[PDB]
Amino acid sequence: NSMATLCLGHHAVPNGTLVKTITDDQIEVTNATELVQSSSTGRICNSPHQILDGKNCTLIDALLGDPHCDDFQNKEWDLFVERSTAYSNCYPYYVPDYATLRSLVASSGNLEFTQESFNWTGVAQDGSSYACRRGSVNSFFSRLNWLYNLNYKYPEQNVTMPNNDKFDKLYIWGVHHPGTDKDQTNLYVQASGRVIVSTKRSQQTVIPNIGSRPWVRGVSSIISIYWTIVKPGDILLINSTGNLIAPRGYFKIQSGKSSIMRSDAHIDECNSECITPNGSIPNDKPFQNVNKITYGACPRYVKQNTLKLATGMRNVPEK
């Protein structure tokens, strides 16, 4: 009847979602999508990243070659996982800047060991200990050679070993600190001793300090652990008058995306790009509240547990 009404409008839903804006702290919209990823299975996915389960061995213990860690020789990883249930079962030792040696070996990504022959003379090799037993059978670190006197003589070792290759070389070695002045002369028939390890670019000098250390697996001695990198054309020069824990070769050092993480999470046959100490998490969201420690393609850690991004208009329902 000469009339017709045309109304224009927009939709609504019975159940909106609250989001934040510049103006309001909470306001209702028809839809939102979460931006903070704050959950996980609790299980590190074994792919696409080459995972290595350290089980009972710290990466340093596998490096030195603690007998109960012989499985890990010449291994590769993108992520080495250190477990809280790890123990050391060889000769007692300490590493000044332990953290650094752990960092650099973890970044190299492998324990590829290459054996070299140093021309030690007049010296007994392959020294073993009661504290570092390989089956109720005295033995020592698998990558370290314990030198001691042969027939009441420890001639001053002096040996060079040049890097005639492309790859840089990582040598691990140590200095023995006997408990008593007796242990010193029994092993090395000379008090004190001296270890001088040189490259054309670096120079480490150690004087062994004789003294009683805390009782560990039957010994009151200890070993200081040192590392040395030798670039191509350079030389490794070792000059010891006694108390040298000699090396057996070099570790092949590379530069890649490898690293190390501490967790007790189990490992499954799943696949996830992002790894945390809490197991893998999905990287579909831009932020995550799980942990500030991550590996790989991950969301950025923030403090918020939820950040809702509005994907719809204001929800205005029945007045």
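The numbering used is simple: start at 1 and walk along the sequence shown.
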Between the two ranges 130 to 138 and 175 to 183, the one averaging a larger CA B factor in the entry: 130 to 138
From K257, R262, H266, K292, residue of greatest CA B-factor: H266
Of the residues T21, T311, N15, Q304, the one carrying the largest Cα B-factor as recorded: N15
Chain-relative CA temperature factor third for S39: highest
Chain-wide C-alpha B factor ranking for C45, given as lowest, middle or highest third: highest
Chain thirds of CA B-factor: placement of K75: highest
Chain third (lowest, middle, highest) by recorded CA B-factor, residue given as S220: highest
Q288 - which third its CA temperature factor falls in, relative to the rest of the chain: lowest
